[PDB]
Amino acid sequence: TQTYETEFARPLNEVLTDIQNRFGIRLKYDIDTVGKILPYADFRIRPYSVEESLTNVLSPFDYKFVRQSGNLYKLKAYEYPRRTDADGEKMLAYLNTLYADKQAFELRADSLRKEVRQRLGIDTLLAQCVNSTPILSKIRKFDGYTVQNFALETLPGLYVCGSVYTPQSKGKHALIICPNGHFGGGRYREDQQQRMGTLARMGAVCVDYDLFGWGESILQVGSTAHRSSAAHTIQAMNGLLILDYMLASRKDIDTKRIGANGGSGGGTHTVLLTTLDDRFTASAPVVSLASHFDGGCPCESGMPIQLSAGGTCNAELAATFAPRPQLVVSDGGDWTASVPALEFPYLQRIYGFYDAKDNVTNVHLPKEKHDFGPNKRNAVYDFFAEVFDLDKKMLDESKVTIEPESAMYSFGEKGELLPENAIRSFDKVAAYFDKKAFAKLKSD
Ligand SMILES: [Zn+2]
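What follows is the structure, encoded as structure tokens:
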């Protein structure tokens, strides 16, 4: 019954099936429309445009479409971290109106650094971090580099576990902090060991560490806890405390050569690190950078850092590092497809404010997909070789050992070495962020 008096109301699932048949498209559904009723459904249709029709029937339920290949469309929930290339181009054009030189750029960059840090809440948690003796494994020797595991206590009872990759070559070394993306196996994976081992053979101390609720963090908080705003703050805190610990505990580091490098989520965390800490002298965010995507995981976008200074994006945060050497690796199979046309020229103009366009580079892999495969690693090897004066003759992944996973563990094959004091539920961490969690906890 289509009447004025029943608001010409149709179930949304009938409307969309009807759009699919009428305009001859295919729909992939990543939403469940059960029970959804759209008033005036047929009046929202536009015979000349499948896209207006879809947007007019979906935006009332907070849904959208994303055009796939050919005549296929995916139907999605609104995503606060994800916009379009078009949104990107308007954002970056808008931010270009806020600065015409170094002076104007540098005032906004300082506001961006302060408001990002404030909005992350990291200084609240740093004021509560302890100073206990880090748990260090024995040093394991390999061809031209060694590996040593660490567990560093942050908040009372909370541990970040990682591994340090040290060159065997004599003399002062570069240091590279290496947050990782959501790739299978985390920092334990083959391509992560390859990259840390090659950079260490070439003369860089390299450090990698568990994402919150990955690896041995699972022993304390479980796997679910990773997708939380807590993860965003805790992972940035982890990076900073690890940089502090490396610089205070080691004699072999040249403080003119401190790098950040990571892939996907690790590339988002790389930009966060160079935004939070002025000690970094070079940066390589890999298959990560976009004006129009902030990161899909709450560990990347869970805190509202992109609302800093009236609105920013990871491309502008990356720009605040100017004019320090920075490599952006992009590919044609993900959100970084835009970088050669959009994000890179934006970064070139800002590096331009310092006569240092040559300090920022883009290795675009048009044919490749979202991974940390060999040509991603080769752009990283090449960049740090160049800017940190590392030894390219040592570059050979066949010489890196692929340790089994448990060899990088701090707390034993089965986590049986997990300290007495140690947090064993997410509740203990959540209580720093949410009064509901604190209240659950305080009723023993
Ligand atoms: Zn994450």
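If you use the authors' numbering, the sequence shown corresponds to residues 20 to 223, 223A, 224 to 462, in order.
Built from N, CA and C at the ideal position, the CB exists for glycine as well.
Does the beta-carbon distance from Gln212 to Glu415 come in below 7 Å?
Residue 212 sits at position 193 when you count from the first residue of the sequence shown. Residue 415 sits at position 397 when you count from the first residue of the sequence shown. Taking 7 Å as the Cβ cut-off, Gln212 and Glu415 do not qualify as a contacting pair.
May I ask you to report which of helix, strand or coil DSSP gives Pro30?
Position 11 of the sequence shown holds residue 30. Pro30: strand per DSSP, three-state reduction.
Please confirm whether any heavy atom of ligand 1 lies closer than 6 Å to the CB of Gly283.
Residue numbering aside, residue 283 sits at position 265 when the sequence shown is read from its first letter. Result yes, Cβ under 6 Å from ligand 1.
Is any heavy atom of ligand 1 found at a distance shorter than 6 Å from the C-beta of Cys197?
The count along the sequence shown starts at 1 and reaches residue 197 at position 178. False, no ligand heavy atom lies under 6 Å from that Cβ.
Pick out every residue whose C-beta is nearer than 7 Å to a heavy atom of ligand 1: which are they, in chain order?
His201, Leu229, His244, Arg245, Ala249, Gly283, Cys315, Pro316, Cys317 and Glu318
Span separating the alpha-carbon of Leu413 from that of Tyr399:
Sequence index remark: in the sequence shown, residue 413 carries index 395 (1-based). Sequence index remark: in the sequence shown, residue 399 carries index 381 (1-based). Computed Cα separation, rounded: 8 Å.
Which partner residues of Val305 appear in the DSSP bridge assignment?
Mapped onto the sequence shown, residue 305 falls at position 287. Bridge partners of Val305: none, in fact.
Going by alpha carbons, who is nearest to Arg102 out of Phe84, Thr217 and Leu114?
Along the sequence shown, read from residue 1 onward, the residue named residue 102 stands at position 83. Comparing Cα-Cα distances from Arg102 to each of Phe84, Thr217 and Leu114, the minimum goes to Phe84.
From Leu174 to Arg275, what does the alpha carbon distance come to, in whole angstroms?
The residue you call residue 174 lines up with position 155 of the sequence shown. The residue you call residue 275 lines up with position 257 of the sequence shown. Their backbone Cα atoms lie some 29 Å apart in a straight line.
Considering only the alpha carbon of each residue, which of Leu139, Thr152, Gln238 and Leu345 lies closest to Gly320?
Taking the sequence shown and counting its residues from 1, the one referred to as residue 320 is at position 302. Looking at the Cα atoms, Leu139 is the closest of the given residues.
Could you check whether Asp409 and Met221 sit closer than 7 Å to each other, using their CB atoms as the reference points?
Here residue 221 is taken as the residue at index 202 of the sequence shown, counted from 1. Here residue 409 is taken as the residue at index 391 of the sequence shown, counted from 1. Yes, Cβ-Cβ distance for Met221 and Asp409 is below 7 Å.
Residues bridged to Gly281 [DSSP beta-bridge criterion]
Along the sequence shown, read from residue 1 onward, the residue named residue 281 stands at position 263. DSSP lists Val304 as partners of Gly281.
Go to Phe390, then tell me how far its beta strand (DSSP E) extends in each direction, as first and last residue.
Locating residue 390 in the sequence shown gives position 372, counting from the first residue. Neither: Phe390 is in no beta strand (DSSP E) and is coded neither H nor E.
Given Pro58, which residues of its chain have a CB within under 7 Å of its CB, disregarding the five upstream and five downstream residues?
In the sequence shown, counting from the first residue as 1, residue 58 sits at position 39. Excluding sequence neighbours, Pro58 sits near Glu26, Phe27 and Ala28.
Roughly how far, in whole angstroms, is the beta-carbon of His244 from the beta-carbon of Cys317, given that I think they are within contact range, below 8 Å?
Taking the sequence shown and counting its residues from 1, the one referred to as residue 244 is at position 226. Taking the sequence shown and counting its residues from 1, the one referred to as residue 317 is at position 299. The pair is a contact, with the Cβ atoms about 6 Å apart (cut-off 8 Å).
Where do the N-terminal and C-terminal ends of the alpha helix (DSSP H) with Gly107 fall, by residue?
Within the sequence shown, the letter at position 88 stands for residue 107. Element bounds for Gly107: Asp104 to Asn115.
Would you mind working out which of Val378, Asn393 and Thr379 sits nearest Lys385, comparing C-alpha positions?
Sequence index remark: in the sequence shown, residue 385 carries index 367 (1-based). That would be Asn393, whose Cα lies nearest to the Cα of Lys385.
Please tell me whether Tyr369 and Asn377 are closer than 7 Å, where the distance is taken between their beta carbons.
Stepping through the sequence shown from its first residue, residue 369 is reached at position 351. Stepping through the sequence shown from its first residue, residue 377 is reached at position 359. Yes. Within cutoff.
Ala425 to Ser88, Cα distance in whole Å?
Here the question's residue 425 lines up with position 407 in the sequence shown. Here the question's residue 88 lines up with position 69 in the sequence shown. Cα-Cα distance, rounded: 43 Å.
Three-way DSSP call (helix, strand, coil) for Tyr48 in this model
Here residue 48 refers to the residue found at position 29 of the sequence shown. Correct three-state label for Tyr48: strand.
Whose CA, out of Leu194, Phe402 and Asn256, lies closest to the CA of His287?
For the purposes of this step, residue 287 is taken as the residue at position 269 of the sequence shown. For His287, the nearest C-alpha among the options comes from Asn256.
Count the other CB atoms, across all protein chains shown, that sit within 10 Å of the CB of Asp51; report buried if there are 16 or more and exposed otherwise.
Counted from its first residue, the sequence shown places residue 51 at position 32. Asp51 should be labelled exposed.
Between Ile323 and the rest of its own chain, which residues show a CB-CB distance below 7 Å, the 5 nearest in sequence each way excluded?
To locate residue 323, count along the sequence shown from 1; it is residue 305. Excluding positions up to five away in sequence, the list reads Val135, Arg138 and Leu139.
Which residues in the same chain have their Cβ closer than 6 Å to the Cβ of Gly285, if we skip the five residues on either side of it in sequence?
Here residue 285 corresponds to residue number 267 of the sequence shown, with the count starting at 1. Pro303, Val304 and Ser306, listed in sequence order.
Identify every residue that forms a DSSP beta bridge with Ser182.
Within the sequence shown, residue 182 is the residue found at index 163, counting from 1. Its beta-bridge partners are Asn168 and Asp226.
For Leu435 versus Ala449, is the C-beta spacing smaller than 7 Å?
Position 417 of the sequence shown, counted from the start, is the residue given in the question as residue 435. Position 431 of the sequence shown, counted from the start, is the residue given in the question as residue 449. No. Outside cutoff.
Quick one, are the C-beta atoms of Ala219 and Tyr164 less than 7 Å apart?
The count along the sequence shown starts at 1 and reaches residue 219 at position 200. The count along the sequence shown starts at 1 and reaches residue 164 at position 145. It is a contact, given that the beta carbons lie within the stated cut-off.
Using the three-state DSSP reduction, which class does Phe451 fall into: helix, strand or coil?
Residue 451 sits at position 433 when you count from the first residue of the sequence shown. Residue state, collapsed to three classes: coil.
Cutoff 8 Å; reference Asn75; Cβ partners in own chain excluding five residues on either side:
As a working mapping, residue 75 is identified with position 56 in the sequence shown. Contacts found: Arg63, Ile64 and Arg65.
Quick check: what's the CA-CA separation for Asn90 versus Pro100?
On the sequence shown, residue 90 is found 71 positions in, with the first residue counted as 1. On the sequence shown, residue 100 is found 81 positions in, with the first residue counted as 1. Near 25 Å, if we compare the C-alpha coordinates of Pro100 and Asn90.
Return helix, strand or coil for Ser78, following the three-state DSSP convention.
Taking the first residue of the sequence shown as 1, we reach residue 78 at position 59. Note: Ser78 maps to helix in three-state DSSP.
Suppose contacts are defined by Cβ-Cβ distances below 7 Å. Is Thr299 in contact with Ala278 by that definition?
Here the question's residue 299 lines up with position 281 in the sequence shown. Here the question's residue 278 lines up with position 260 in the sequence shown. Not a contact, by the Cβ cut-off of 7 Å.
Following the continuous beta strand (DSSP E) through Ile196, name the residue where it begins and the one where it ends.
In the sequence shown, the residue the question calls residue 196 occupies position 177. Run containing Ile196: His192 to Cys197, per the beta strand (DSSP E) assignment.
Counting only runs of 4+ residues fully inside the segment 382-436, write out the alpha helix (DSSP H) ranges in chain order.
392-406
Do you know offhand how far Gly54's Cα is from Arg86's?
Working through the sequence shown from its first residue, we reach residue 54 at position 35. Working through the sequence shown from its first residue, we reach residue 86 at position 67. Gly54 and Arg86: Cα-Cα distance of roughly 25 Å.
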